[PDB]
Amino acid sequence: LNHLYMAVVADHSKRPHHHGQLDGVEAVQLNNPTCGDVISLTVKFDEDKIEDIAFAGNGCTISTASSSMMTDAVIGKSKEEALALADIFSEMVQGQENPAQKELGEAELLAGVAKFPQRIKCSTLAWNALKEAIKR
Ligand SMILES: [Zn+2]
């Protein structure tokens, strides 16, 4: 029942979702905890919502997985909705319990990074590139 989790996290790191870059969209680039992760996160908004999203970069398994899962979780949400999820994720990876972590989708599998301090920032990188993208 747990072996499936490894396959889901592995799939997000090896075959990222919403990977690459969107056309005609000024990307948002941030980088490392210290680990050496980087991401270019192009985000499209048609309304206040997120029409589409895409990312590219280089990181550890944790950081790539987390970027990939972040895209799934936020696609078609809202400056504020997306930003609330970011807060939810960020709090989850500091050991907080919250039923709302369900709204994170497969990113919920990264609850375990709260036990690895150096990994916190690996996992949040994508979320913070999102925060910046929304806030333009
Ligand atoms: Zn990392």
# chains A, B, ... in the order shown; residues from 1 in each chain; ligands from 1
$ select_by_dssp --residues "chain A" --states "strand (DSSP E or B)" --output "MDAnalysis selection string"
chainID A and resid 19 28:31 38:45 50:58
$ residues_near_ligand --ligand "ligand 1" --cutoff "9 Å" --atoms "only C-alpha atoms and all ligand atoms" --output "number ranges by chain"
A: 32-37, 59-64, 118-123, 125
$ residues_around --residues "residue 114 of chain A" --least-positions-apart "5" --cutoff "12 Å" --atoms "only C-alpha atoms" --output "JSON, numbers by chain"
{"A": [89, 90, 91, 92, 93, 94, 95, 96, 97, 108, 109, 119, 120, 121, 122, 123, 124]}
$ residues_around --residues "residue 69 of chain A" --least-positions-apart "4" --cutoff "7 Å" --atoms "only C-alpha atoms" --output "PDB file with N, CA, C and O atoms, in the first residue's frame"
ATOM      1  N   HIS A  12       7.098  11.691 -10.628  1.00  0.00           N
ATOM      2  CA  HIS A  12       7.098  13.135 -10.689  1.00  0.00           C
ATOM      3  C   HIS A  12       8.528  13.676 -10.873  1.00  0.00           C
ATOM      4  O   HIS A  12       8.711  14.759 -11.420  1.00  0.00           O
ATOM      5  N   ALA A  65      10.154  16.530  -8.047  1.00  0.00           N
ATOM      6  CA  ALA A  65       8.871  15.964  -7.685  1.00  0.00           C
ATOM      7  C   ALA A  65       7.941  17.091  -7.236  1.00  0.00           C
ATOM      8  O   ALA A  65       6.876  17.248  -7.765  1.00  0.00           O
ATOM      9  N   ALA A  73      -1.488  20.812  -8.719  1.00  0.00           N
ATOM     10  CA  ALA A  73      -2.326  21.287  -7.611  1.00  0.00           C
ATOM     11  C   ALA A  73      -2.918  22.662  -7.826  1.00  0.00           C
ATOM     12  O   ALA A  73      -3.913  23.004  -7.192  1.00  0.00           O
ATOM     13  N   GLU A 106      -1.301  14.999  -5.115  1.00  0.00           N
ATOM     14  CA  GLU A 106      -0.169  14.100  -4.913  1.00  0.00           C
ATOM     15  C   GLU A 106       0.987  14.764  -4.156  1.00  0.00           C
ATOM     16  O   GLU A 106       1.750  14.075  -3.537  1.00  0.00           O
ATOM     17  N   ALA A 107       1.110  16.086  -4.192  1.00  0.00           N
ATOM     18  CA  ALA A 107       2.033  16.821  -3.315  1.00  0.00           C
ATOM     19  C   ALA A 107       1.859  16.469  -1.834  1.00  0.00           C
ATOM     20  O   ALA A 107       2.737  16.698  -1.026  1.00  0.00           O
TER      21      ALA A 107
END
$ closest_residue --among "A:40, A:113, A:52, A:100" --to "residue 20 of chain A" --atoms "only C-alpha atoms"
A:40
$ residues_around --residues "segment 127-135 of chain A" --least-positions-apart "2" --cutoff "10 Å" --atoms "only C-alpha atoms" --output "JSON, numbers by chain"
{"A": [26, 27, 28, 29, 30, 31, 38, 39, 40, 41, 42, 43, 44, 45, 48, 49, 50, 53, 55, 66, 67, 69, 70, 71, 74, 78, 79, 80, 82, 83, 84, 85, 86, 87, 89, 90, 121, 123, 124, 125]}
$ atom_distance --atom1 "atom CA of residue 56 of chain A" --atom2 "atom CA of residue 19 of chain A"
5.9 Å
$ atom_distance --atom1 "atom CA of residue 10 of chain A" --atom2 "atom CA of residue 58 of chain A"
15.1 Å
$ atom_distance --atom1 "atom CA of residue 8 of chain A" --atom2 "atom CA of residue 110 of chain A"
10.9 Å
$ select_by_dssp --residues "segment 33-78 of chain A" --states "alpha helix (DSSP H)" --output "count of residues only"
14
